[PDB]
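Peer 1: Here it is, the structure, as structure tokens.
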Ligand SMILES: *[C@@H]1O[C@H](CO)[C@@H](O)[C@H](O)[C@H]1NC(C)=O
Ligand SMILES: *[C@@H]1O[C@H](CO)[C@@H](O)[C@H](O)[C@H]1NC(C)=O
Ligand SMILES: *[C@@H]1O[C@H](CO)[C@@H](O)[C@H](O)[C@H]1NC(C)=O
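Residue numbers (UniProt numbering): 75 to 222.
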């Protein structure tokens, strides 16, 4: 049973904003935001899937460590043939988020919520809404947003 070293430090800000500080006290954190606002639309070459979501971080510094950390975050999810949310990569050079994960479908939403509750603890279930819903994934600077 393999124990990855690339485990981030979780930091829940509130029901919609979450941070995963990079392993080994990195100066960055992966930012997750639950929102019903859609910022990315599918074009001919920005679509990804859970297995290669790492490619949505190719233009980032520390790309390898970012991939290992996203691999940790999606454990149990990318292994699931039925976890098939639409994922779109954003243009980070134009200020867009790294990835937009479509969680409008209830089964996908709830699978993500259950994983996030396991990592962060209890928060408001976002899946009881109807209408479009997303998780936006980006990279923020770590400024000690959580401490003891
Ligand atoms: C959650 O936190 C983010 C930034 O930390 C803020 O933009 C948002 O308004 C907060 N939400 C609530 C319900 O306080
Ligand atoms: C997300 O999925 C829903 C239904 O599956 C769809 O209506 C919506 O257009 C999708 N979002 C994007 C950005 O395509
Ligand atoms: C991820 O893989 C799919 C299918 O293999 C491919 O169509 C898509 O271009 C890949 N995404 C990126 C960002 O390379």
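We put the beta carbon where it would ideally sit given N, CA and C, even for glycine.
1. Where do the N-terminal and C-terminal ends of the beta strand (DSSP E) with residue 109 fall, by residue?
2. Taking a contact to mean a Cβ-Cβ separation below 8 angstroms, would you say residue 186 touches residue 171 in this structure?
3. For residue 83, which residues of its own chain have a beta-carbon under 6 angstroms away from its beta-carbon, when the five flanking residues on both sides are left out?
4. Can you round the beta-carbon distance between residue 134 and residue 213 to whole angstroms, since I take them to be within the 8 angstroms contact cut?
5. Would you mind stating whether residue 215 and residue 75 have Cβ atoms separated by less than 8 angstroms?
6. Please find out if some non-hydrogen atom of ligand 1 comes closer than 7 angstroms to the beta-carbon of residue 241.
7. Secondary structure at residue 156, three-state DSSP: helix, strand or coil?
8. Here's the rule: buried if 16 or more other CB atoms are within 10 angstroms of the residue's CB, otherwise exposed. What is residue 79?
9. Measure from the C-beta of residue 174 to each C-beta in chain B and report whether the shortest distance is under 8 angstroms.
10. Straight-line CA distance for residue 165 to residue 126?
Peer 2: Result, derived from the coordinates:
1. Along the chain shown, one-based indexing puts residue 109 at 35. Where residue 109 is concerned, the enclosing beta strand (DSSP E) starts and stops at 102-109.
2. The residue given as residue 186 occupies position 112 in the chain shown. The residue given as residue 171 occupies position 97 in the chain shown. With contacts defined by Cβ atoms closer than 8 angstroms, residue 186 and residue 171 do not form a contacting pair.
3. Here residue 83 refers to the residue found at position 9 of the chain shown. The beta carbon of residue 83 is closer than 6 angstroms to those of 95 in its chain, skipping five residues each way along the sequence.
4. As a position in the chain shown, residue 134 is number 60, starting the count at 1. As a position in the chain shown, residue 213 is number 139, starting the count at 1. Sure, about 6 angstroms apart at Cβ, within 8 angstroms.
5. Position 141 of the chain shown, counted from the start, is the residue given in the question as residue 215. Position 1 of the chain shown, counted from the start, is the residue given in the question as residue 75. Inclusion of residue 215 and residue 75 in the CB contact set at 8 angstroms is not warranted, their separation being larger than that value.
6. Outside the shown range of the chain, which is 75 to 222, sits residue 241, and nothing can be said about it.
7. Along the chain shown, one-based indexing puts residue 156 at 82. If DSSP states are grouped into helix, strand and coil, residue 156 belongs with coil.
8. Locating residue 79 in the chain shown gives position 5, counting from the first residue. Flag for residue 79 reads exposed.
9. The structure shown contains no chain B; it holds only a single protein chain.
10. Looking up residue 165 in the chain shown gives position 91. Looking up residue 126 in the chain shown gives position 52. Looking at the backbone, the Cα of residue 165 and that of residue 126 are separated by about 16 angstroms.
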